[PDB]
2 protein chains.
Amino acid sequence: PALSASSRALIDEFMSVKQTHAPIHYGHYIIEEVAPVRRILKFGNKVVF
Amino acid sequence: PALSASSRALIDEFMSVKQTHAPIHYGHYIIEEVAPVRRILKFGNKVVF
């Protein structure tokens, strides 16, 4: 599975804090990418690997 | 992109805490500058690389 965010709020909160992010919200969901490759995800300055 | 803040409260948050800040408020937004030069940000006491 790849990164799929139903609203931009989830991709923002996931990129903000990796550990305590909400995988599931009320009406919106988000799937963490799990893959044989792992990529550096940068937005602005913030970094999640 | 250069540093752009819609309201002073966002740039105060961003200087206060780098990581956990919001990029997007209700009607206000903030852009982190991405440049090959990284200046040192000395607003007040607080220092941001």
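Residues numbered from 1 in each chain as written, not as in the entry; some residues may be left out. Chains lettered and ligands numbered in written order. Part of a larger assembly, values for the part shown. Heavy atoms only, no water.

In the annotation of the PDB entry, chain A is listed under the name Major capsid protein and assigned to Epstein-Barr virus. The deposited entry bears the title "Structures of Capsid and Capsid-Associated Tegument Complex inside the Epstein-Barr Virus".

### Thoughts on the overall build of chain A
Looking only at helices and strands, chain A has 1 helix and 4 strands in total. Written out in order from the N terminus, the α and β elements of chain A read β-α-β-β-β. With the C-alpha coordinates aligned to their principal axes, the bounding extent of chain A is approximately 30 × 25 × 15 Å. Burial analysis of chain A (49 residues in total) assigns 18% to the buried set. Total accessible area on chain A is roughly 3700 Å²; 61% of this is exposed by carbon and sulfur atoms. Averaged over its 6 positive side-chain charges, chain A has a centre that lies 7 Å from the centre of its 4 negative ones. (Helix = DSSP H or I, 4+ residues; strand = E, 2+ residues; numbered from the N terminus. Buried < 20%, exposed > 50% of the residue type's maximum accessible area, 1.4 Å probe, protein only. Areas by Shrake-Rupley, 256 points an atom, 1.4 Å probe, with all protein chains shown as cover. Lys, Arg positive; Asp, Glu negative; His and termini not counted. Charge placed at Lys NZ, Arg CZ, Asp CG, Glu CD.)

### Considerations on helix α1 (residues 8-16) of chain A
Within an α-helix, residues lying three or four positions from one another point in the same direction, as the helix has 3.6 residues per turn. Those residues of α1(A) not exposed but buried are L10(A), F14(A), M15(A) and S16(A). In this fold, the buried residues of α1(A) make contact with β2 (30-31), β3 (41-43) and β4 (46-48) of chain A. (Contact = heavy atoms within 4.5 Å.)

### Details of the interface of chain B and chain A
Facing the 9 residues of chain B at the interface are 7 residues of chain A. Together, the buried faces of chain B and chain A total about 680 Å²; carbon and sulfur atoms form 42% of this surface. Counting the surface chain B buries against chain A, the share from its top three residues, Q19(B), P23(B) and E32(B), is 52%. Put simply, chain B and chain A have 0 salt bridges between them. (Buried area = accessible area lost by both parts, 1.4 Å probe. Salt bridge = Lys/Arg side-chain N within 4 Å of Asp/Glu carboxyl O.)

### A word on the nonpolar core
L10(A), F14(A), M15(A), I30(A), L41(A) and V48(A) together form the largest nonpolar core, which totals 6 residues. A total of 3 residues in this core trace back to one element, the largest contributor, which is α1(A). (Core = buried A, V, L, I, M, F, W, Y, C linked by side-chain atoms within 4.5 Å.)

### A word on the relation of the copies chain B and chain A
Taken as rigid bodies, chain B and chain A are interconverted by a rotation of 59 degrees and an axial shift of 0.1 Å, the fit giving an RMSD of 0.4 Å. Expressed as an axis order, the relation between the two copies is that of a six-fold axis. When C-alpha positions in chain B are compared against the rotation axis, the closest is assigned to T20(B), at 12 Å. (Least-squares fit on C-alpha atoms.)

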